[PDB]
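In this document, chain identifiers A, B, C, D and E correspond to the written order of the chains, with residue numbering beginning at 1 in each.
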């Protein structure tokens, strides 16, 4: 289609065809220890995890004291026109429901989602 | 690699169009995607075309690749030789290589395999 | 009749007819042209062909087992 | 090493006495050698000159209109210019060759999609016209005496005597039309009535020679039954 | 999602309506160019919890030369297909008196099912496909020439014109994509018509064995 003419649609189908894994869009990861979701060992993630916490869902059996924190690079994120919403559903939809992902808002400069 | 069209007045006009080239082959899926030309898309591996497209497609692709490797340095070789080679190479239905165990599986006599 | 093959003496049949007829002349066979001071048994066998007077019949074998016989007189000499 | 292997593969393929390329166990490989039936020794490069031009230049150069009365007076003699203008049968037969030409023009555009014009074919035609223009001292300044319906029917009769696949029944009368398909298109586009009354200007005597030579230099391009192809 | 799923089901459908048209069946004209939104309005907007259930998609067609011989196509629901599941279909053919049948397998089949279809040789011939392969018409590709299947009266005209046997022809195995697209059995002869640059057109023949 006109995708053969304009470079933008060519580049979007380019990114849509190329294979992309997770370690290409991550900056660093850290395994913390929050025995309570209100503990928030790292200093500043308390805001968004809390604004989730006043809407608390899925406290079915326990709360796992073990946490996994992932940091993302918006450079590698936007170049493929990705944002952590689709990642968030597919990292859940595709592996099971044994994991649970809460995330920031992209207006914040660094893109972190905790599991 | 241009897109040559025949205009309304009847002249050959060439057009520049974006093409994409990959490193790795799985064509049956790449053909099934949207806004990707399913006619002119091809791969430089011929067992893949054999499994995906057929046997005549292997004949023509092999001919094309032989022509492209021959005419790389401006040389030239007649057509009958390419046609005869790529016809006797895919005559018994499947791809038998001109190799040790490719000439070793035929109705040929006993005094030739000795 | 039903002759399906070409009426032209091919390149290979002309090289074998000239060889055989030349060897027969060397072993005292009678010639069929009025040569003039010629001695080479292969120069004579070439001017017999130009005059269509070689007494040999060619048997072409089709690949299905059949055959047909063409007199060298009946063929169109290629050269 | 690679050449030794490949030649060890294909040792016993050859042309049998019915023009089919058969294996050692008589397994047919091609119904005709090189799909045409000619040896790759007596061919050379030529041009089509029918697929590249536009739809207006085409009808301008390959038409032979017969209602001008003065250019027709310029190129043909007075004996033929009164006959061409006063016979509906001739005007009709000169109208169908253009139709048989446009169809071939449309078939060429699908055989050669890219648009090139360099093809390999039997006996050269432009050089054979140039020769006949000098064996007979053709002066390209005076009106010629070559009646056009002579050109049309001579080219038809010549096209009939170019047999690659000799047979009378169907499936042997259509493979013949498939074998000499490109050469007949080239021959019809080069020896049309307009071009040979406008550019070449051959005489009547110099046309039978050309017709007799096309056939004789074609019949000796056919492959020979027995060469280890 | 379902937008990907309503797209595929329309695409795969459009392919089959040509595959059965090639085999010489009667398919109405507008069924060939059924655009997407027309399909979306007829069978349903989405198959995810929708009216298109992968049933209500099946097709039954009749031959041109004869209204009795008919062909069916099935779209199984499970990803990989079991044993009685095809016998569910074998029963559905047993009741309607149809022998020509196809099954558009979704993702795969079982080796036991592979055994269960090669047994009914003299009756109830079924063709097993894949969902992925039917997504594109390979016949309209660039490299693929035009094939045509010859009746058994024409094949006896070749072998008597070129004075051939039937062992001396070029061969093609009945496992390559175009041998199945046309539904070819062993002992048939297919005719290829390709254009070449030396002659203009060349007709070759293949024996399917």
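Going forward, a residue touches a chain if its C-beta (ideal position, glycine included) is under 8 Å from a C-beta of that chain, and two chains touch if they have at least 3 such contacts.
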{"item": "Of B-E and C-D, pair with higher C-beta contact tally", "value": "B-E"}
{"item": "Centroid-based (C-alpha) most distant chain relative to subunit E", "value": "C"}
{"item": "CA centroid of subunit A to CA centroid of subunit C, Å", "value": "91"}
{"item": "Distance from subunit E to subunit C - Cα centre to Cα centre, in angstrom", "value": "60"}
{"item": "CA centroid of subunit B to CA centroid of subunit E, Å", "value": "25"}
{"item": "Mean-CA-position distance for subunit E and subunit D (Å)", "value": "43"}
{"item": "Residues within subunit E bordering two or more other chains", "value": "170, 196-198"}
{"item": "Contact set on subunit D toward subunit B in their complex", "value": "5-6, 8-10, 13, 21, 23-25, 27, 29-30, 33-35, 40, 52-56, 58, 109, 113-115, 120, 229"}
{"item": "Touching residues (chain side subunit E, partner subunit D) in the complex", "value": "157-158, 161-162, 164, 167-170, 195-204"}
{"item": "Parts of subunit B lying in touch with subunit E, wherever the complex brings them together", "value": "28-29, 31-32, 34, 38-40, 42, 49-57, 60-61, 79-80, 83, 91-94"}
{"item": "Contacting residues of subunit B [partner subunit A, same complex]", "value": "3, 17-18, 20, 22, 30, 33, 35-36"}
{"item": "Residues of subunit B that touch subunit D when the two form their complex", "value": "4, 6, 9-12, 78-81, 83-85, 87-88, 91, 98-99, 103, 107-108"}
